[PDB]
Amino acid sequence: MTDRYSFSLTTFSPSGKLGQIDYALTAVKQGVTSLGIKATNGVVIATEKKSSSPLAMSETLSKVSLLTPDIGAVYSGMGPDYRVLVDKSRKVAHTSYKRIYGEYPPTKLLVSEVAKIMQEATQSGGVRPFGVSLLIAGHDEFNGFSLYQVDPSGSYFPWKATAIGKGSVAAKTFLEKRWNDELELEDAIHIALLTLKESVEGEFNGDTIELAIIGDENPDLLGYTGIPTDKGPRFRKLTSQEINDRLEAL
Amino acid sequence: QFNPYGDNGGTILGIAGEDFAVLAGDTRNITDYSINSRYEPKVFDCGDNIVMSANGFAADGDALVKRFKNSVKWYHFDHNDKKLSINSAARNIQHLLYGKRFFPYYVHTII
Amino acid sequence: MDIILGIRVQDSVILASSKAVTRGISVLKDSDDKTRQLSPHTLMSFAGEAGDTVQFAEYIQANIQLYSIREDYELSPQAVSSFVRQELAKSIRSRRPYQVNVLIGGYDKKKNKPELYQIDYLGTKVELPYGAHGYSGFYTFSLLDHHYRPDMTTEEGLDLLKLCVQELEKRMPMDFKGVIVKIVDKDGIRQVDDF
Amino acid sequence: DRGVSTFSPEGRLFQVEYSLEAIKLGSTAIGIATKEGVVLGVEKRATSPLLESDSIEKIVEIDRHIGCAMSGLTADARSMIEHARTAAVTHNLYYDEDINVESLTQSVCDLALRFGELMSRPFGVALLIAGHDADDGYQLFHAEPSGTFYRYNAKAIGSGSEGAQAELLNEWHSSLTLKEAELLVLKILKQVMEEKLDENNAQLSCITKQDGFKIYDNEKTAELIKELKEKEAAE
Amino acid sequence: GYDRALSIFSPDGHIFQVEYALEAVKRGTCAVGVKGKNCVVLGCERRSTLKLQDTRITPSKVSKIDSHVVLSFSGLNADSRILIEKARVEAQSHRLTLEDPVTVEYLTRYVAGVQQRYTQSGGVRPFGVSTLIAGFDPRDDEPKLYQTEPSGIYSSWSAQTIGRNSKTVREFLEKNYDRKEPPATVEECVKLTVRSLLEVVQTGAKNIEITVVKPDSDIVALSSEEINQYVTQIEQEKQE
Amino acid sequence: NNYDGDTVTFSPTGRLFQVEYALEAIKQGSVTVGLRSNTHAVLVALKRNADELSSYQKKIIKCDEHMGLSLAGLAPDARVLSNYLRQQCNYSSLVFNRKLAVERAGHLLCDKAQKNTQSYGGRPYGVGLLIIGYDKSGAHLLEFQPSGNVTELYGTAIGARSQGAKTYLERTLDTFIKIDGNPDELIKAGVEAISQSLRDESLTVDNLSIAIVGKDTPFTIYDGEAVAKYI
Amino acid sequence: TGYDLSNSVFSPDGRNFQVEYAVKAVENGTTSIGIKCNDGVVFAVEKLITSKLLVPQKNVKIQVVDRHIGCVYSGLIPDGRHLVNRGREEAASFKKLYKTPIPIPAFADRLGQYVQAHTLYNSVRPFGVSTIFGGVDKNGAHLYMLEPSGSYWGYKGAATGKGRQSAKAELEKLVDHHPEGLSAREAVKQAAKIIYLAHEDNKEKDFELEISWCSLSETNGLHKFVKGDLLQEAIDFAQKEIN
Amino acid sequence: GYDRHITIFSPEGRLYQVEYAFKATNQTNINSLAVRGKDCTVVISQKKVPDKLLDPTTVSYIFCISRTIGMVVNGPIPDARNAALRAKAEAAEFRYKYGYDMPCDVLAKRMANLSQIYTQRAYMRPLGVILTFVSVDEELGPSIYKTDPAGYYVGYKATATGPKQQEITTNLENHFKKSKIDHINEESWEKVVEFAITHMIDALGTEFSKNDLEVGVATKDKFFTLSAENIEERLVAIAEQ
Amino acid sequence: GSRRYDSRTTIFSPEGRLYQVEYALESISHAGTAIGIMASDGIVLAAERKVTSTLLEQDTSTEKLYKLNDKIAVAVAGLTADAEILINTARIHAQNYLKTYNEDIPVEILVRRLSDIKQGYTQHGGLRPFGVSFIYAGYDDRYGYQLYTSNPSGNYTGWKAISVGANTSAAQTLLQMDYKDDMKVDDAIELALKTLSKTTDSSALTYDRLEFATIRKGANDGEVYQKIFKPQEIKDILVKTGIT
Ligand SMILES: [Cl-]
Ligand SMILES: [Mg+2]
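Considerations on the overall build of chain H
For step 1, the next point in the chain: Tallying secondary structure elements over chain H gives six helices and 10 strands in all.
For step 2, the next point in the chain: Rg of the C-alpha trace for chain H: 18 Å, near the compact-globule value of 18 Å for 241 residues, within the 12% margin.
For step 3, the next point in the chain: Seen through its principal axes, chain H has C-alpha atoms that stretch 60 × 45 × 40 Å.
For step 4, the next point in the chain: The burial tally for chain H puts 59% of its 241 residues in the buried class.
For step 5, the next point in the chain: Sequence separation of 24 or more characterises 64% of the internal contacts of chain H that already satisfy a separation of 6 or more.

See below:
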């Protein structure tokens, strides 16, 4: 018995390719489109809620996830792989940072920790790479707002705006035309909805679209009052109603 | 507090001749002021013309004798039924005793 | 073990170390050298618990000699002292700590300066112009406070050291059978044979 | 590929059988047992003339009463000898006596099959273990990487083994003297060796009850070589 | 832990992984060892496809294991560092317990044992390295030169070479080296070593390294100009 | 074919080829015979040599004062298994002051051999064993196979040409079973049984190996001039 | 393909071919049966007499677990013994912690999970036995049959081995003809008959019959072997029915 | 092609072992169905006992995980029981560690995470089962959450699983289009069970006796399975309407 | 068992090469070019970013150039994720040395240890090697300014000027042509950029597709300063040398 697979399942081919990473990226290509846009006073991340069945409750399945009060994440590719990564990402934010420094990690460093986990699945014994690409949006005091992409290899890049998955090629071209360095948050949400309509085929409403922002602090969502320095989470998930309001003036 | 040792009393005696040897011992076993047995042998035939006694704390004495008897048995298996010489047995017993240097067998051993 | 002294002067470091090895009511030896050469320009004297002293000294010696061979380069006295301190700092929270106090006298060839470090068994390091371990300090420190000057020569340092040994031989309870004196300078380590 | 501890359809361990082929490539080693002692001799086989032949150590002491000669991948023998020496000394410590030659050989052979997926492969070396004890007298053993050992009156291992073994079959009798056995090893070595036999490319040794295990000097072996040539020319 | 038996026997009785490790040695730059009457000299090739090098800081081919023993090699460079490190540690450990520096035979025997262990240990490949170990035993003036190889076998040599085109330089040494009369002086020994490398090298510029070891921890490496003088002298005598 | 790489693999017909190949090593081994009466149990073993200069490979091993076996196949594997039996016999004596039942001895060997046939990395034992013994329920004879299968018998034989001796014992069953209180006659029957497996070679003084255990007889082995009586 | 070379590998069907190959080894083995009755269970097995040299009554195949459970199996006999050894450990730890003897359904899952575990990895081989087992507990009598896959169900009657189809047919008749129930002593006699009838599928070598039983009334809830007069009575009953 | 033997990616980004585990799901040839009432959650499954020698009471694919949570499995029984035992242990440990009963959706996630590990780690194979968890959660109310060999999970208004799953799915879809609500607007669980059986009969097109079905019901503070007579009583009510 | 699926990453070819090491080097040859040039009064590190997108955040980005301590930096060529694993190890190793000896780690010692780690992955463990090649640029008081490189084999060598990644053959020829020993930092800056500008696979070399860094003694009196160039600073130095 016991895990006898102590050797790498991802190896270099004669051409220099790492096959399993390439194939993992192919799995990401098949996945549903998700995107992220950075504004001057915020960041928006969005994706389509592909329902497996109309009997299924798509509210219970959350593609956009809170990692810290000021950091959120969305993906394209294999959902189960994403779910466990979110669990591990949330935990590492505490064990390797908050329990040491008494504060939440900045976006770039949490991203770095997630990337480390995905890199190890590329080299460690008896495992395949993660079949997902992440988009991580977040805010911290000294770096301000930021948006990052994380690939199956463990590589990560900062973006002004980008898209991943099914119709990423067309979506990135659309974003290049619309993006400027003077965009307000509401303008970025508007562009996000426009960009996403191109890739979505069926219904396009607040129930089939999942969208969250990293913006101003939300004292109402904090849960308590009395500490002036604690002003609430910058991560907010837009409601089904809030999305439909913006779809009328589209 | 728990005391792992005890004193079972008794006394033993070994004398050697020109072509023979004796190993004697009384058959009384005791604890404090009570008698446990009037006949409880503590001098044993261990094989290969070796007799042995481990007097003091009976539990440790019985354990040691038991181990040496077993040592003789395995000497035969591992070395083509060779007879264990008295000098070789002595050295083997030294290693049995010292193996418990930091939790000793409370016995005076004579073969 | 017992008496180990150290004096840093202008151009050298001088280490004096007692020759007696006593156990019980018997002086077993009266010619013991309580020091090891860690590198060509670094000398360490030691004193403390029996066995621990030499075992520790030789262990440090081996490690410094290993470093020298690996890098083909001599470690600075400051670097060696920091390595030694860390080893003792680990030791003190071990199951059985090294009960060894040391003085590290060395000549830094890059700075062209003598250096004396005093480290106790807890891992407490201090750079000093003069140092001592054990009860010796209770006599020598005040004596050196008075007579020591920073610009002294090696010969002046030896006379200053003679003054310490004389005081110890007068007021110490135990017979420590004199001292072995060694000088550390730009030319390396040498022993004074007539003291 | 395939498992290291796999059986062939004929009922043999592949790796053990392949290690036996490696031993056939090795240099010749011969042992002869007599009532006056046991003789061990080997072919040194220097790969180049610049190699100092006296550094070729293919005959080895285990204890004062046990010697050893090797053939095959000789590097593999180092840990076997180390184990044998420790086993011999350890037994003396535990029992205040010399250890039986058979018991020593058995201890070495226990290492043989301790391989798999313990070490990664069998040993690629065969050993001739010669010695003396009070019980069974002068003995010669052939220890293989299969874990099996046979006692022999005389035995040859290495590249010239099958040719030398047939020669030993005819020449050996129960009344051989030590001197006769010494010459017989030299004679048979000279027959199977590629290069011409001399004191530098061949080495003799013996074990006697009185003097224990002794490797012969190049001066002593040279005289036995000269004595051998004269006796063959004499008829 | 990774357990796989990588070094194993084949039907013909060969351990291919050990034999393929010998091919890596054959690929490596040439190294030569010649021992004289009162010295040993270690010569080493350095390939000249690498210009813009920094020779101050580049790892030297000959490594000191202790103050009295040196080790050169041919084969994989990264592998050699691991053997050198282990050897250096064992050298200091021997001084610590025996209170005496290692003999050249002992140090060789240790290094050879390490190489052998990697030929029948699970999860590891053999060292793609053969070494030349040279020096003088403590309080001894007899020169010592030993060779090791991936399989783990070791032996003493009056003179020996390893690496690429080593069979050419071994041919040279076999006729030019007299057992009855080895190089009597340091100059004679260095010259014979340089001569032997000049059969293979190319140019005698910054391609040849020479290290001379003498008794009582007397080791020194020759500079470019010093080596170039031997190259200049040999070529002028050759034109005859 | 494709299903004989290791012991962890079944064939399409439900066979374990590595176990069958281990069984093949026994058939190559030298012949050995086992038989018993109600009072005694006897092992007779034909020893094999490398050549005339070599010794004859010892086939019989003692496990306790009341138990022992003969081997056929890989001798080192017999050493491992016999050592295990010695320990188990000994554990029973030290802990329970009880001589190990011959039936339990078989059960323990079966379970030890089995574990090697169900796990990756390991291999089956390459040897067959004939265990004899005298315990609280009289004389016993067991046949061990490295598949794990252990079988209690009146008589049997394993090794090369073992079918000859096995047929003889099958005919002689009614005769030798009632040889009670007579060691020499029970051995004679065993020596005559092993003779049915001989080809070209005959039983010599340093070739034959006999062992016996019984009511008032500890497990003892006879070799050399001691077996000259039975030739 | 190659899907059948490694254990725990799904084929494109969704099948583990290595387990199906283990079933073939079970089908090759001798016949064994189990009969549930009024207040207990009865087990029986076919023992092929390979030779005259086999000692009668002294190669016992049916095994007891704890003091109230009986186990019998067909296929690789050593694999069955390994499974029973585990069963005995499982039953011992249950009684150690919970005091009461292990219930039969509880015991059935312990073996089931263990056998199923040997289909999860390629580093282990599936079990080459189908195991019929059962006994009496607080809730009454239970009979179970466990297969190489780890699959098990409760049974009114169970059979496995080379003559399983013959035995199954004979078992189905008993269930139909006795809806109110079969007695313990009857089930012993029927078990003998069914083994003799199932022996027609293995009739080259003649055989030896072996029976065991647990019953609340007859054996007081404990597992016992059928021997002597009761065994011979069951043999005679079986002999009369074949003729 | 060893990328089809273990759980590593194929050139087209697929895990074939996971896909083949999905096909093992239908090996039993059984269809299951789950629906929600106002106060309850009902799950039903076909019961097929082919062998006459089997004890029909021991043939079951519905499991009582905790007092509140029930689970029905589509797939082979060994893997089904493997999953059941683990879920039982996980639910028990959760209660001990965190001081309250494990919710249905949280258990589903936990079992889904375990399934995900088998798709990534090589030495462990996926279980060839689809796990449907049901309860009346104290926070979320009537709940249906389903897990598969891919490690995917999601909540359901209602759901079906098996060979003829698609026919049952659309049958339920059309009802919820008509009713305009997320559940079965019914007071008693008895009539919700009757709804479940009725719509399964319509979708599959087969009639059922008492021994052809297996029913599990989740109410507040307990989950329980129905006996043959409880189902027979339920079948009689449908017939008389 | 699992033997079936083992790639055997740490074995020799019949020719005596390490398959995986050779293939890892093949991977690195497609990575963006990185150049190191050592001058008498400083060191230059230049590197080309891998095909940039216009929506990539350039100022808050780090792909090629990383800081190991105050005195040592590295330029990366290969898998970034792999490089970061090794970089954090190197950063820790440097702090261990400082903690032990109270002195900044000598450049070679850090390089050797990092190279020894790579070596291990080629000899044992059965894992794939790190698909990374480093250019180490650093200073210490023993050897002064130093340039090293290491590759997946775990072999390292010292250099006056060196390139890794793509088009090293063409780049090394150009460096070998124009380099000389009495060179200054500002001249080396110009050489580094001119070399990339000719060896680049892109149409034209621009500020947004470059990472740049210097290690000078250009601070105040006998102390070393690391300068990781900002986007605007690269834009200015590119105009100043007359490339754009
Ligand atoms: Cl989890
Ligand atoms: Mg202090």
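There's more to say after this.
Notes on the pairing of strand β10 (residues 218-221) of chain E
Residue and element names in this part refer to chain E.
For step 1, the next point in the chain: Bridge count between strand β9 (residues 208-214) and β10: four bridges; the pairing is antiparallel. By the bridge assignment for β10, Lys-214 is matched with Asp-218.
For step 2, the next point in the chain: Adjacent in sequence and paired antiparallel, β9 and β10 are bridged by three residues, among which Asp-216 carries a positive phi angle near 55°.

A short note on the packing of helix α1 (residues 52-71) of chain C against helix α2 (residues 77-98) of chain E
For step 1, the next point in the chain: Relative to each other, α1(C) and α2(E) sit at 145°, their axes nearing to 10 Å. For the pair α1(C) and α2(E), the crossing hand works out as right-handed. Where α1(C) abuts α2(E), its residues C:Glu58, C:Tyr59, C:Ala62, C:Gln65, C:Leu66, C:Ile69 and C:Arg70 lie against E:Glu85, E:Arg88, E:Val89, E:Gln92, E:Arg95 and E:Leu96.
For step 2, the next point in the chain: Class assignment for the residues of the contact of α1(C) with α2(E) results in six nonpolar, two polar and five charged.

So, the sheet that holds strand β1 (residues 34-39) of chain I
Residue and element names in this part refer to chain I.
For step 1, the next point in the chain: Reading across from one edge, β8-β1-β2-β9-β10 is the order of the five strands in this open sheet, with antiparallel pairing throughout. Strand pairing shows two members of the sheet lacking a second neighbour, β8 (161-164) and β10 (225-228), which therefore form its edges. Between one strand axis and the next, the sheet turns through 10° on average, direction left out of account.
For step 2, the next point in the chain: Looking at chain direction, β1 and strand β2 (residues 42-48) are connected through six bridges and run antiparallel.

Description of the environment of E:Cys30
For step 1, the next point in the chain: Along the chain, the position of E:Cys30 falls in the loop between α1 (16-27) and β1 (31-35).
For step 2, the next point in the chain: For E:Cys30 and E:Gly163, which are 133 residues apart along the polypeptide, the C-alpha to C-alpha distance reads 4.2 Å.

Considerations on unusual backbone geometry
For step 1, the next point in the chain: Even without a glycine there, the phi angle at D:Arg45 is positive, about 55°.
For step 2, the next point in the chain: Positionally, D:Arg45 belongs in the loop between β2 (38-43) and β3 (59-63).
For step 3, the next point in the chain: Phi angles above zero are rare outside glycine, and E:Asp216 is one such case at about 55°.
For step 4, the next point in the chain: With respect to the element layout, E:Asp216 can be found in the loop between β9 and β10.

Considering the nonpolar core
For step 1, the next point in the chain: Grouped together as the largest cluster of nonpolar side chains are 76 residues, with contacts concentrated most on G:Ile33, G:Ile35, G:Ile211, H:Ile65 and H:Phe133.
For step 2, the next point in the chain: No other element matches the nine residues that helix α5 (residues 184-198) of chain G contributes to this core.
For step 3, the next point in the chain: Excluding anything up to four places from it in sequence, G:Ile35 contacts G:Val41, G:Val42, G:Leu143, G:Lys156, G:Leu171, G:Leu182, G:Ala187, G:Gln190, G:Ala191 and G:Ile194.

Reading the values: the criteria
Residues numbered from 1 in each chain as written, not as in the entry; some residues may be left out. Chains lettered and ligands numbered in written order. Part of a larger assembly, values for the part shown. Heavy atoms only, no water. Helix = DSSP H or I, 4+ residues; strand = E, 2+ residues; numbered from the N terminus. Rg over C-alpha atoms; globule rule 2.2 N^0.38 Å. Buried < 20%, exposed > 50% of the residue type's maximum accessible area, 1.4 Å probe, protein only. Contact = heavy atoms within 4.5 Å. Pairing = 2+ DSSP bridges. Axes fitted to C-alpha atoms, helices over the stretch in contact; angles between N-to-C directions. Left-handed = near helix turned anticlockwise from the far one by under 90°. Nonpolar A, V, L, I, M, F, W, Y, C, P; charged D, E, K, R; others polar. Core = buried A, V, L, I, M, F, W, Y, C linked by side-chain atoms within 4.5 Å.

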